[PDB]
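A.B. asks: Pasting coords.cif here (mmCIF, C-alpha atoms and all ligand atoms):
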data_target
#
loop_
_atom_site.label_atom_id
_atom_site.label_comp_id
_atom_site.auth_asym_id
_atom_site.auth_seq_id
_atom_site.Cartn_x
_atom_site.Cartn_y
_atom_site.Cartn_z
CA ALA R 1 138.60 239.17 97.84
CA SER R 2 138.30 235.40 97.67
CA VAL R 3 141.23 233.45 99.09
CA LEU R 4 141.94 229.78 98.46
CA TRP R 5 144.71 228.45 100.68
CA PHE R 6 146.12 225.09 99.61
CA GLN R 7 148.84 223.01 101.24
CA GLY R 8 151.22 220.87 99.25
CA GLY R 9 154.37 219.46 100.87
CA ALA R 10 153.63 221.57 103.90
CA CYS R 11 153.94 221.11 107.60
CA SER R 12 151.19 223.72 108.13
CA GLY R 13 153.68 225.87 110.07
CA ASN R 14 152.86 228.82 107.86
CA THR R 15 149.19 228.33 108.62
CA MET R 16 149.93 228.03 112.35
CA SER R 17 152.15 231.10 112.26
CA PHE R 18 149.40 232.86 110.30
CA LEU R 19 146.92 231.86 112.99
CA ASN R 20 149.19 233.64 115.46
CA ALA R 21 148.44 236.85 113.57
CA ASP R 22 147.80 239.95 115.63
CA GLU R 23 146.78 243.33 114.25
CA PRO R 24 144.98 241.95 112.43
CA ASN R 25 144.34 238.66 114.10
CA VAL R 26 143.36 235.85 111.76
CA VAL R 27 139.64 235.99 112.51
CA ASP R 28 139.47 239.74 111.93
CA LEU R 29 141.50 239.30 108.75
CA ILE R 30 139.15 236.61 107.46
CA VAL R 31 135.94 238.40 108.45
CA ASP R 32 136.45 242.15 108.82
CA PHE R 33 138.88 242.85 105.94
CA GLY R 34 136.69 241.55 103.14
CA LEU R 35 138.91 238.51 102.50
CA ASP R 36 136.58 235.60 101.77
CA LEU R 37 138.59 232.51 102.75
CA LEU R 38 136.98 230.04 100.36
CA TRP R 39 138.78 227.08 101.88
CA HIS R 40 141.86 226.15 103.84
CA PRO R 41 142.76 222.53 104.67
CA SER R 42 143.27 223.46 108.32
CA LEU R 43 140.24 225.76 108.60
CA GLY R 44 137.76 225.10 105.81
CA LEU R 45 134.44 223.64 106.85
CA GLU R 46 133.84 221.75 103.62
CA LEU R 47 135.12 218.21 103.18
CA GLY R 48 135.03 215.71 100.37
CA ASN R 49 132.89 216.59 97.40
CA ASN R 50 131.73 219.97 98.75
CA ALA R 51 135.34 221.05 99.17
CA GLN R 52 136.18 219.67 95.72
CA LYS R 53 133.27 221.66 94.32
CA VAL R 54 134.83 224.80 95.76
CA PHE R 55 138.22 223.87 94.30
CA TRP R 56 136.88 223.01 90.86
CA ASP R 57 134.81 226.19 90.71
CA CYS R 58 137.98 228.16 91.44
CA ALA R 59 140.07 226.17 88.96
CA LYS R 60 137.60 226.37 86.05
CA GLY R 61 136.72 230.03 86.62
CA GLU R 62 133.14 229.34 87.73
CA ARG R 63 133.82 231.57 90.74
CA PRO R 64 136.51 234.25 91.02
CA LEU R 65 139.79 233.42 92.74
CA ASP R 66 141.50 236.60 93.88
CA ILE R 67 144.29 235.17 96.03
CA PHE R 68 145.62 231.64 95.78
CA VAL R 69 147.84 231.03 98.78
CA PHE R 70 150.00 227.98 98.48
CA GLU R 71 151.86 226.56 101.42
CA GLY R 72 154.21 223.63 101.23
CA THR R 73 156.11 222.41 98.28
CA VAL R 74 154.85 221.48 94.90
CA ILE R 75 155.46 217.74 95.11
CA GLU R 76 156.28 216.23 91.73
CA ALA R 77 157.49 212.77 92.70
CA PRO R 78 157.18 210.02 91.76
CA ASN R 79 158.48 210.49 88.21
CA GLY R 80 156.87 213.89 87.82
CA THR R 81 153.41 212.48 88.54
CA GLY R 82 153.04 214.32 91.84
CA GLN R 83 151.31 211.33 93.42
CA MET R 84 153.31 211.73 96.61
CA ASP R 85 150.88 214.62 97.14
CA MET R 86 147.37 213.53 96.17
CA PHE R 87 144.77 216.13 97.10
CA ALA R 88 141.04 216.04 96.38
CA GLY R 89 141.41 213.44 93.66
CA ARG R 90 144.36 214.99 91.81
CA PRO R 91 148.09 215.38 92.29
CA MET R 92 148.44 218.61 94.20
CA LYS R 93 150.68 219.98 91.44
CA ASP R 94 147.73 219.80 89.04
CA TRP R 95 145.63 221.82 91.47
CA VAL R 96 148.53 224.25 91.66
CA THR R 97 148.64 224.58 87.89
CA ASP R 98 144.91 225.23 87.62
CA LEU R 99 144.54 227.55 90.60
CA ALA R 100 147.70 229.55 89.97
CA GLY R 101 146.41 230.00 86.44
CA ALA R 102 143.05 231.11 87.83
CA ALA R 103 144.11 233.40 90.67
CA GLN R 104 144.44 237.16 90.42
CA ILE R 105 147.37 236.91 92.84
CA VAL R 106 149.38 233.85 93.79
CA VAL R 107 151.13 233.93 97.15
CA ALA R 108 153.63 231.26 98.10
CA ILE R 109 153.81 231.29 101.88
CA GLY R 110 156.84 229.69 103.48
CA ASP R 111 160.09 228.48 101.92
CA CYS R 112 158.55 225.19 100.87
CA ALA R 113 156.14 227.00 98.57
CA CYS R 114 158.52 229.83 97.68
CA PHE R 115 161.69 227.87 97.01
CA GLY R 116 161.24 224.22 97.92
CA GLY R 117 162.55 224.60 101.44
CA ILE R 118 163.26 221.64 103.68
CA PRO R 119 161.48 218.98 101.56
CA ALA R 120 163.65 220.04 98.62
CA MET R 121 166.76 219.18 100.65
CA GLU R 122 168.71 216.42 98.97
CA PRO R 123 167.82 213.75 98.18
CA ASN R 124 164.41 215.46 97.76
CA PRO R 125 162.36 212.23 97.86
CA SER R 126 159.12 214.08 97.13
CA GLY R 127 160.50 215.87 94.08
CA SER R 128 159.59 219.05 95.92
CA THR R 129 159.98 222.46 94.37
CA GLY R 130 158.71 225.95 94.96
CA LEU R 131 156.01 227.66 92.96
CA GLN R 132 158.35 229.93 91.01
CA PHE R 133 161.73 229.02 92.49
CA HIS R 134 163.75 225.96 93.22
CA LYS R 135 166.02 227.32 95.91
CA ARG R 136 167.63 230.44 94.45
CA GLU R 137 167.01 229.34 90.86
CA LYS R 138 163.99 231.14 89.46
CA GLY R 139 161.30 229.09 87.74
CA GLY R 140 160.26 226.44 90.25
CA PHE R 141 157.07 224.63 89.32
CA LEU R 142 155.24 227.41 87.48
CA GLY R 143 158.18 228.62 85.41
CA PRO R 144 160.09 231.89 85.58
CA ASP R 145 157.57 233.62 83.32
CA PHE R 146 154.44 232.77 85.28
CA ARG R 147 152.31 235.79 86.08
CA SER R 148 149.01 235.84 87.90
CA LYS R 149 146.02 237.61 86.39
CA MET R 150 146.99 240.86 88.15
CA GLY R 151 150.33 240.60 86.33
CA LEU R 152 152.34 239.78 89.43
CA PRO R 153 154.72 236.85 89.74
CA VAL R 154 154.19 234.54 92.68
CA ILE R 155 154.49 236.73 95.76
CA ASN R 156 157.03 234.85 97.86
CA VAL R 157 156.42 235.25 101.58
CA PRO R 158 159.35 233.13 102.71
CA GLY R 159 160.33 231.92 106.11
CA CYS R 160 159.98 228.53 107.66
CA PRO R 161 157.50 229.42 108.69
CA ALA R 162 156.63 232.88 107.51
CA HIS R 163 155.85 235.29 110.29
CA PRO R 164 152.09 236.01 110.41
CA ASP R 165 152.63 239.70 109.58
CA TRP R 166 154.58 238.84 106.43
CA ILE R 167 151.33 237.54 104.94
CA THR R 168 148.66 239.34 106.96
CA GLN R 169 150.03 242.81 106.26
CA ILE R 170 150.25 241.94 102.57
CA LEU R 171 146.65 240.73 102.72
CA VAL R 172 145.61 243.91 104.53
CA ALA R 173 147.45 245.99 101.93
CA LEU R 174 145.60 244.15 99.17
CA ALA R 175 142.32 244.56 101.06
CA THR R 176 142.86 248.27 101.83
CA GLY R 177 143.72 249.38 98.30
CA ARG R 178 147.49 249.41 98.90
CA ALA R 179 148.43 246.61 96.50
CA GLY R 180 150.35 249.24 94.54
CA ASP R 181 152.45 249.92 97.64
CA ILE R 182 153.73 246.33 97.56
CA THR R 183 157.17 246.13 95.97
CA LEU R 184 158.85 242.76 95.50
CA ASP R 185 162.57 242.06 95.56
CA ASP R 186 164.37 239.78 93.10
CA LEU R 187 163.08 236.75 95.01
CA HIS R 188 159.52 238.15 94.76
CA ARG R 189 159.56 238.86 98.49
CA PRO R 190 157.77 241.95 99.83
CA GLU R 191 160.49 244.55 100.24
CA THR R 192 158.53 246.11 103.10
CA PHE R 193 159.71 243.08 105.09
CA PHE R 194 162.78 241.82 103.24
CA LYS R 195 164.97 244.84 102.67
CA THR R 196 166.06 244.62 106.30
CA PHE R 197 168.22 241.77 107.55
CA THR R 198 167.45 239.45 110.40
CA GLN R 199 170.33 241.31 112.06
CA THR R 200 168.37 244.54 111.70
CA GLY R 201 167.09 245.07 115.23
CA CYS R 202 168.93 242.09 116.60
CA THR R 203 169.72 242.70 120.28
CA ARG R 204 173.26 241.40 119.61
CA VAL R 205 174.37 243.73 116.81
CA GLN R 206 176.48 245.78 119.23
CA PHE R 207 178.32 242.57 120.09
CA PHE R 208 178.55 241.90 116.35
CA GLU R 209 179.96 245.40 115.80
CA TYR R 210 182.64 244.73 118.39
CA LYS R 211 183.11 241.13 117.27
CA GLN R 212 182.17 239.74 120.67
CA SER R 213 181.04 236.17 120.19
CA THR R 214 178.50 234.24 122.12
CA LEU R 215 180.55 231.26 123.24
CA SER R 216 177.89 228.84 124.42
CA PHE R 217 174.17 228.27 124.52
CA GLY R 218 171.97 228.83 127.54
CA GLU R 219 173.45 231.44 129.85
CA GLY R 220 176.27 231.91 127.35
CA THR R 221 173.74 233.77 125.22
CA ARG R 222 173.39 236.48 127.86
CA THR R 223 176.17 238.14 125.86
CA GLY R 224 177.68 238.13 122.44
CA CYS R 225 176.58 237.74 118.89
CA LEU R 226 175.88 234.26 117.45
CA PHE R 227 177.56 234.93 114.13
CA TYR R 228 181.00 233.70 114.99
CA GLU R 229 180.42 230.45 116.82
CA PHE R 230 176.83 229.46 116.02
CA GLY R 231 176.55 230.17 112.32
CA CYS R 232 174.07 232.98 112.74
CA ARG R 233 173.01 233.94 109.20
CA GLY R 234 171.45 237.17 110.49
CA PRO R 235 173.77 239.48 108.51
CA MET R 236 173.26 237.43 105.32
CA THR R 237 169.51 237.01 105.67
CA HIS R 238 166.82 239.41 104.59
CA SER R 239 163.95 239.44 107.04
CA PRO R 240 162.30 241.76 109.55
CA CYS R 241 162.60 239.11 112.30
CA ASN R 242 164.18 241.60 114.67
CA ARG R 243 162.09 244.48 113.42
CA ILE R 244 158.73 242.73 113.66
CA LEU R 245 159.21 240.31 116.49
CA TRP R 246 157.96 236.76 116.41
CA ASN R 247 154.83 236.14 118.50
CA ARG R 248 155.18 239.82 119.41
CA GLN R 249 157.87 238.65 121.83
CA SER R 250 161.23 237.77 120.43
CA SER R 251 163.25 236.37 117.58
CA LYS R 252 165.59 233.45 117.30
CA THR R 253 168.62 235.70 117.56
CA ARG R 254 167.33 237.63 120.53
CA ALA R 255 166.59 234.34 122.26
CA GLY R 256 170.10 233.05 121.56
CA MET R 257 169.32 230.91 118.56
CA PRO R 258 171.24 231.59 115.38
CA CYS R 259 169.26 232.75 112.45
CA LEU R 260 169.18 229.81 110.06
CA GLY R 261 168.62 232.18 107.14
CA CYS R 262 165.20 230.66 106.57
CA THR R 263 163.90 233.58 104.52
CA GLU R 264 166.68 232.96 102.06
CA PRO R 265 165.97 230.55 99.13
CA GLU R 266 168.91 228.29 99.98
CA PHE R 267 167.35 227.38 103.31
CA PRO R 268 168.28 225.06 104.84
CA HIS R 269 171.71 226.34 104.05
CA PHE R 270 174.35 223.75 103.19
CA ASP R 271 171.51 221.22 103.40
CA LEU R 272 172.33 220.85 107.10
CA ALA R 273 175.44 218.92 106.12
CA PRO R 274 177.55 217.65 109.03
CA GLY R 275 179.36 220.44 110.84
CA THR R 276 177.09 223.21 109.53
CA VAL R 277 174.32 223.15 112.17
CA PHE R 278 174.67 225.87 114.82
CA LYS R 279 178.30 226.29 113.75
CA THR R 280 180.14 228.98 111.84
CA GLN R 281 182.20 227.44 109.07
CA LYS R 282 185.58 229.13 109.22
CA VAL R 283 188.71 229.26 107.09
CA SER R 284 191.91 228.68 109.08
CA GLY R 285 189.77 228.63 112.23
CA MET R 286 189.42 232.41 112.37
CA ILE R 287 187.87 233.72 109.13
CA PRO R 288 184.16 233.00 108.59
CA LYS R 289 183.57 231.36 105.23
CA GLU R 290 180.55 233.64 104.73
CA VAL R 291 180.83 237.29 105.70
CA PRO R 292 177.86 239.68 106.05
CA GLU R 293 176.00 240.64 102.91
CA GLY R 294 177.80 243.18 100.76
CA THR R 295 181.09 242.84 102.63
CA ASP R 296 184.38 241.30 101.56
CA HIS R 297 186.52 238.99 103.68
CA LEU R 298 189.46 241.45 103.73
CA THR R 299 187.58 244.55 104.74
CA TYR R 300 185.38 242.54 107.07
CA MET R 301 188.34 240.95 108.78
CA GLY R 302 190.25 244.22 108.98
CA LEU R 303 187.26 245.98 110.50
CA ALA R 304 186.75 242.98 112.78
CA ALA R 305 190.29 243.24 114.11
CA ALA R 306 189.86 246.99 114.61
CA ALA R 307 186.54 246.44 116.40
CA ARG R 308 188.03 243.75 118.62
CA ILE R 309 190.90 246.03 119.71
CA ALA R 310 188.57 249.01 120.38
CA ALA R 311 185.89 246.88 122.02
CA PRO R 312 184.28 248.46 125.09
CA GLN R 313 184.15 246.45 128.31
CA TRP R 314 180.36 246.08 128.37
CA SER R 315 180.49 244.34 124.99
CA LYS R 316 182.56 241.66 126.70
CA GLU R 317 180.06 241.06 129.53
CA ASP R 318 176.58 239.69 130.03
CA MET R 319 173.92 242.13 128.95
CA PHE R 320 170.74 240.04 128.80
CA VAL R 321 170.91 239.53 132.52
CA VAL R 322 168.22 238.12 134.75
CA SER K 1 210.27 291.88 133.85
CA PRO K 2 210.28 288.54 131.93
CA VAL K 3 206.52 287.93 132.55
CA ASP K 4 205.93 291.47 131.20
CA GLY K 5 207.76 290.32 128.06
CA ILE K 6 205.37 287.38 127.52
CA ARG K 7 202.48 289.88 127.85
CA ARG K 8 204.37 292.01 125.30
CA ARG K 9 204.59 289.03 122.89
CA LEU K 10 200.82 288.49 123.40
CA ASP K 11 200.25 292.03 122.07
CA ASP K 12 202.15 291.17 118.83
CA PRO K 13 199.52 291.04 115.97
CA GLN K 14 201.00 287.77 114.52
CA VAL K 15 201.36 286.08 117.96
CA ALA K 16 197.83 287.20 118.85
CA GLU K 17 196.46 285.92 115.51
CA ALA K 18 198.04 282.46 116.11
CA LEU K 19 196.87 282.32 119.77
CA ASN K 20 193.34 283.27 118.61
CA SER K 21 193.42 280.49 115.96
CA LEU K 22 194.64 278.07 118.63
CA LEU K 23 191.68 279.08 120.81
CA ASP K 24 189.43 278.64 117.76
CA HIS K 25 190.38 274.94 117.46
CA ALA K 26 190.77 274.53 121.24
CA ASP K 27 187.70 272.26 121.18
CA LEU K 28 189.63 269.88 118.85
CA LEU K 29 192.63 269.97 121.18
CA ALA K 30 190.34 269.39 124.17
CA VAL K 31 188.58 266.48 122.44
CA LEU K 32 191.91 264.94 121.36
CA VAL K 33 193.29 265.16 124.96
CA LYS K 34 189.92 263.80 126.26
CA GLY K 35 190.20 260.98 123.66
CA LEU K 36 193.79 260.31 124.90
CA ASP K 37 192.59 260.37 128.55
CA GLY K 38 189.86 257.92 127.53
CA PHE K 39 192.35 255.74 125.67
CA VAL K 40 194.68 255.78 128.70
CA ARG K 41 191.87 255.09 131.19
CA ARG K 42 190.77 252.15 129.01
CA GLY K 43 194.35 251.06 128.26
CA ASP K 44 193.91 247.96 130.43
CA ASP K 45 190.80 247.03 128.40
CA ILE K 46 192.65 247.58 125.11
CA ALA K 47 195.51 245.43 126.48
CA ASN K 48 192.99 242.69 127.41
CA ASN K 49 191.52 243.03 123.85
CA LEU K 50 195.02 242.56 122.32
CA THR K 51 195.63 239.64 124.71
CA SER K 52 192.39 237.88 123.64
CA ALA K 53 193.23 238.65 119.96
CA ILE K 54 196.80 237.22 120.21
CA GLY K 55 195.39 234.32 122.32
CA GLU K 56 193.05 233.46 119.42
CA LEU K 57 195.96 233.51 116.91
CA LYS K 58 197.81 231.29 119.46
CA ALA K 59 194.96 228.71 119.30
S1 LIG A 1 156.96 226.08 108.28
FE1 LIG A 1 156.43 224.18 107.16
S2 LIG A 1 155.14 224.48 105.29
FE2 LIG A 1 157.35 224.51 104.72
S3 LIG A 1 158.04 226.70 104.87
FE3 LIG A 1 158.60 225.63 106.78
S4 LIG A 1 158.44 223.37 106.37
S1 LIG A 2 173.87 240.62 115.59
FE1 LIG A 2 172.15 239.13 115.72
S2 LIG A 2 171.31 238.47 113.71
FE2 LIG A 2 172.96 237.01 114.32
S3 LIG A 2 174.94 237.73 113.44
FE3 LIG A 2 174.74 238.53 115.55
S4 LIG A 2 173.15 237.25 116.60
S1 LIG A 3 165.90 231.53 110.56
FE1 LIG A 3 164.16 232.69 109.65
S2 LIG A 3 162.48 233.31 111.08
FE2 LIG A 3 164.00 235.00 110.96
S3 LIG A 3 165.59 234.73 112.56
FE3 LIG A 3 166.35 233.77 110.64
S4 LIG A 3 165.11 234.68 108.97
#
Could you express the structure from this file as structure tokens?

C.D. replies:
Amino acid sequence: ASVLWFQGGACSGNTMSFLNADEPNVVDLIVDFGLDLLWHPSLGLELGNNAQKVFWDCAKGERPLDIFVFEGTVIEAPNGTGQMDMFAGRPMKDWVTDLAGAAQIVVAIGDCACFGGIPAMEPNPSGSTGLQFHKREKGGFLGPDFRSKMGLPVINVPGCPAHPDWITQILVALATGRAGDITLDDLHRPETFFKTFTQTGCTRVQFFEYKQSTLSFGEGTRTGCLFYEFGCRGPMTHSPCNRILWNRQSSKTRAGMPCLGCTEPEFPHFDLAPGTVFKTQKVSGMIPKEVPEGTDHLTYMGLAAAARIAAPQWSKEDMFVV
Amino acid sequence: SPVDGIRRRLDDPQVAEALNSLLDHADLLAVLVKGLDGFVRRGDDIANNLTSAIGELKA
């Protein structure tokens, strides 16, 4: 299975995260799983005209392209020319057009590629967009009706960056005959990773249940949930970040950092407008503006009051102790 | 004897039936009294929870 991994408006974080892959690690994925990595800007040996030969052979159908991985945004500025992202003699968006049209499967890795991500933040100088989404709005660069040659839409492996497993396990599934096991949600994300929430497996959910808030960073995060004071988007964000830990160690929320909802197409949420960074926007100083997914402010708040009154003592003390 | 009379009431089919039904749901009564004991032994905590809740509405 040939893989061509291109980077548009990328920071290469998805590649670096991918390189952190374990079980399989990246080398075993590239070699031992029958995935022929044709080229990758961070890893491909070919430069210049040899690399362009590889790209053109993929684009024109001279050689098969099974998986086109795209990382980074599709940069369309200036004026829709895409010349703020010139790659191998073309605007990167033209490469995207050709290769997405050539690939059996197109995988957008990372929010930039999936939805536009950080570069698509206003004022979006690069005219960045995702492959098939611009933020939540379906269509992105390739249009809502784009399908790869295997009939799939762009497989969106979101995250900023995506966790290595979010792509590697998909690649293994494709390589092991389990492509049919891959189900995609409405954002084209693999449901095997994105039916759960970041909160799922969060070490602070018991504090969340009892509405015990982390009050401060550092040692303050030895207790409490980050939802109330730090804008944790865990309960509104689909991800397996607390199921499949980052770097096989931790997750933002475990570590005391609020989930920024990076697997969600709106990321960065509120465009990091003043007062929204590591803060919970609240109505009347008590009611979070955004409640967990599938809840309503009145039942949430009622249950929150009930949970506060019935809170056990341990939920009000440090638990992640030295 | 008065105690003999309570034993006599215990013989009564209807009294016995009710006492047997009480002993059937005795686990519920036990758990509710245990729940009350728990609530009482954590009454200080629940009072501190109501204090922190009112103290938030104060701020
Ligand atoms: S990791 Fe980098 S490539 Fe985009 S998805 Fe995040 S800015
Ligand atoms: S339970 Fe965890 S995911 Fe965030 S909302 Fe609380 S720190
Ligand atoms: S910011 Fe992203 S990496 Fe996971 S903890 Fe939140 S979905």

A.B. asks: Would you please work out which residue, of R:9, R:295, R:247, R:212, is nearest to chain K when using all atoms listed in the file?

C.D. replies: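 So, comparing all the options, the nearest one is R:212.
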
A.B. asks: Once you count all atoms listed in the file, what closest atom pair and distance in Å to one decimal does each residue of chain R within 10 Å of ligand LIG 3 (chain A) have, with rows by chain and rising residue number, as JSON lines?

C.D. replies:
{"residue": "R:111", "atom": "CA", "partner": "A:LIG3", "partner_atom": "FE1", "distance": 9.7}
{"residue": "R:158", "atom": "CA", "partner": "A:LIG3", "partner_atom": "FE1", "distance": 8.5}
{"residue": "R:159", "atom": "CA", "partner": "A:LIG3", "partner_atom": "FE1", "distance": 5.3}
{"residue": "R:160", "atom": "CA", "partner": "A:LIG3", "partner_atom": "FE1", "distance": 6.2}
{"residue": "R:161", "atom": "CA", "partner": "A:LIG3", "partner_atom": "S2", "distance": 6.8}
{"residue": "R:162", "atom": "CA", "partner": "A:LIG3", "partner_atom": "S2", "distance": 6.9}
{"residue": "R:163", "atom": "CA", "partner": "A:LIG3", "partner_atom": "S2", "distance": 7.0}
{"residue": "R:194", "atom": "CA", "partner": "A:LIG3", "partner_atom": "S4", "distance": 9.4}
{"residue": "R:197", "atom": "CA", "partner": "A:LIG3", "partner_atom": "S4", "distance": 7.9}
{"residue": "R:198", "atom": "CA", "partner": "A:LIG3", "partner_atom": "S4", "distance": 5.5}
{"residue": "R:199", "atom": "CA", "partner": "A:LIG3", "partner_atom": "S3", "distance": 8.1}
{"residue": "R:202", "atom": "CA", "partner": "A:LIG3", "partner_atom": "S3", "distance": 9.0}
{"residue": "R:232", "atom": "CA", "partner": "A:LIG3", "partner_atom": "FE3", "distance": 8.0}
{"residue": "R:233", "atom": "CA", "partner": "A:LIG3", "partner_atom": "FE3", "distance": 6.8}
{"residue": "R:234", "atom": "CA", "partner": "A:LIG3", "partner_atom": "FE3", "distance": 6.1}
{"residue": "R:235", "atom": "CA", "partner": "A:LIG3", "partner_atom": "FE3", "distance": 9.6}
{"residue": "R:236", "atom": "CA", "partner": "A:LIG3", "partner_atom": "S4", "distance": 9.3}
{"residue": "R:237", "atom": "CA", "partner": "A:LIG3", "partner_atom": "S4", "distance": 6.0}
{"residue": "R:238", "atom": "CA", "partner": "A:LIG3", "partner_atom": "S4", "distance": 6.7}
{"residue": "R:239", "atom": "CA", "partner": "A:LIG3", "partner_atom": "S4", "distance": 5.3}
{"residue": "R:240", "atom": "CA", "partner": "A:LIG3", "partner_atom": "FE2", "distance": 7.1}
{"residue": "R:241", "atom": "CA", "partner": "A:LIG3", "partner_atom": "FE2", "distance": 4.5}
{"residue": "R:242", "atom": "CA", "partner": "A:LIG3", "partner_atom": "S3", "distance": 7.3}
{"residue": "R:243", "atom": "CA", "partner": "A:LIG3", "partner_atom": "FE2", "distance": 10.0}
{"residue": "R:244", "atom": "CA", "partner": "A:LIG3", "partner_atom": "FE2", "distance": 9.7}
{"residue": "R:245", "atom": "CA", "partner": "A:LIG3", "partner_atom": "FE2", "distance": 9.0}
{"residue": "R:246", "atom": "CA", "partner": "A:LIG3", "partner_atom": "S2", "distance": 7.8}
{"residue": "R:250", "atom": "CA", "partner": "A:LIG3", "partner_atom": "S3", "distance": 9.5}
{"residue": "R:251", "atom": "CA", "partner": "A:LIG3", "partner_atom": "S3", "distance": 5.8}
{"residue": "R:252", "atom": "CA", "partner": "A:LIG3", "partner_atom": "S3", "distance": 4.9}
{"residue": "R:253", "atom": "CA", "partner": "A:LIG3", "partner_atom": "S3", "distance": 5.9}
{"residue": "R:254", "atom": "CA", "partner": "A:LIG3", "partner_atom": "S3", "distance": 8.7}
{"residue": "R:255", "atom": "CA", "partner": "A:LIG3", "partner_atom": "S3", "distance": 9.8}
{"residue": "R:257", "atom": "CA", "partner": "A:LIG3", "partner_atom": "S3", "distance": 8.0}
{"residue": "R:258", "atom": "CA", "partner": "A:LIG3", "partner_atom": "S3", "distance": 7.1}
{"residue": "R:259", "atom": "CA", "partner": "A:LIG3", "partner_atom": "FE3", "distance": 3.6}
{"residue": "R:260", "atom": "CA", "partner": "A:LIG3", "partner_atom": "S1", "distance": 3.7}
{"residue": "R:261", "atom": "CA", "partner": "A:LIG3", "partner_atom": "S1", "distance": 4.4}
{"residue": "R:262", "atom": "CA", "partner": "A:LIG3", "partner_atom": "FE1", "distance": 3.8}
{"residue": "R:263", "atom": "CA", "partner": "A:LIG3", "partner_atom": "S4", "distance": 4.7}
{"residue": "R:264", "atom": "CA", "partner": "A:LIG3", "partner_atom": "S4", "distance": 7.3}
{"residue": "R:267", "atom": "CA", "partner": "A:LIG3", "partner_atom": "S1", "distance": 8.5}
{"residue": "R:268", "atom": "CA", "partner": "A:LIG3", "partner_atom": "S1", "distance": 9.0}

A.B. asks: Could you name the residues that touch residue 297 (chain R) at 12 Å or less, counting all atoms listed in the file, but leaving out those on the same chain fewer than 6 positions away, as a ChimeraX atom specification?

C.D. replies: /R:282-283,286-291,303-305

A.B. asks: For residue 7 (chain R), work out the shell of residues within 12 Å, counting only C-alpha atoms and skipping chain neighbours fewer than 4 positions away, then give it as an MDAnalysis selection string.

C.D. replies: chainID R and resid 11:15 39:43 68:75 85:88 91:93 95:96 107:110 112:113 131

A.B. asks: When you count all atoms listed in the file, which of these residues is closest to chain R: K:32, K:50, K:19, K:3?

C.D. replies: K:50

A.B. asks: With chain K as the partner and 9 Å as the cut-off, tabulate the residues of chain R that qualify, each row holding the nearest pair of atoms and their distance in Å to one decimal, using all atoms listed in the file, sorted by chain and rising number, as a Markdown table.

C.D. replies:
| residue | atom | partner | partner_atom | distance |
| --- | --- | --- | --- | --- |
| R:285 | CA | K:59 | CA | 8.8 |
| R:286 | CA | K:56 | CA | 8.0 |
| R:305 | CA | K:53 | CA | 8.0 |
| R:308 | CA | K:49 | CA | 6.3 |
| R:309 | CA | K:49 | CA | 5.2 |
| R:310 | CA | K:46 | CA | 6.4 |
| R:311 | CA | K:49 | CA | 7.1 |
| R:312 | CA | K:45 | CA | 7.5 |
| R:313 | CA | K:45 | CA | 6.7 |

A.B. asks: Between CA of residue 118 (chain R) and CA of residue 190 (chain R), measure the distance and give it in Å to one decimal.

C.D. replies: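 Here the two named atoms are 21.4 Å from each other.
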
A.B. asks: Can you tell me how far CA of residue 152 (chain R) sits from CA of residue 80 (chain R), in Å to one decimal?

C.D. replies: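 Distance reported for this atom pair: 26.3 Å.
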
A.B. asks: Using Å and a single decimal, report how far CA of residue 231 (chain R) sits from CA of residue 193 (chain R).

C.D. replies: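 Going from CA of residue 193 (chain R) over to CA of residue 231 (chain R) covers 22.4 Å.
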
A.B. asks: For residue 203 (chain R), which residue among R:83, R:276, R:216, R:221 is the nearest when counting only C-alpha atoms?

C.D. replies: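 The closest residue to residue 203 (chain R) is R:221.
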
A.B. asks: Taking only C-alpha atoms and all ligand atoms into account, name the residue in R:150, R:314, R:265, R:90 that is nearest to ligand LIG 1 (chain A).

C.D. replies: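 Ranking R:150, R:314, R:265, R:90 by distance to ligand LIG 1 (chain A), first place goes to R:265.
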
A.B. asks: Determine the axis-aligned bounding box of all atoms of ligand LIG 2 (chain A) present in the file, pad each side by 5 Å, and express its centre and edge lengths in Å to one decimal place as lines of an AutoDock Vina configuration file.

C.D. replies:
center_x = 173.1
center_y = 238.8
center_z = 115.0
size_x = 13.6
size_y = 13.6
size_z = 13.2

A.B. asks: Just checking: using only C-alpha atoms and all ligand atoms, which residue out of R:84, R:121, R:67, R:100 ends up closest to ligand LIG 1 (chain A)?

C.D. replies: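 Closest to ligand LIG 1 (chain A) of all the choices is R:121.
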
A.B. asks: Calculated over only C-alpha atoms, which of the candidates R:8, R:224, R:201, R:151 has the smallest distance to residue 320 (chain R)?

C.D. replies: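 The answer is R:224, which sits nearest to residue 320 (chain R).
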
A.B. asks: Which residues come within 6 Å of region 20-35 of chain R, counting only C-alpha atoms, excluding same-chain residues fewer than 3 positions away, as a PyMOL selection string?

C.D. replies: chain R and resi 1-2+17+164
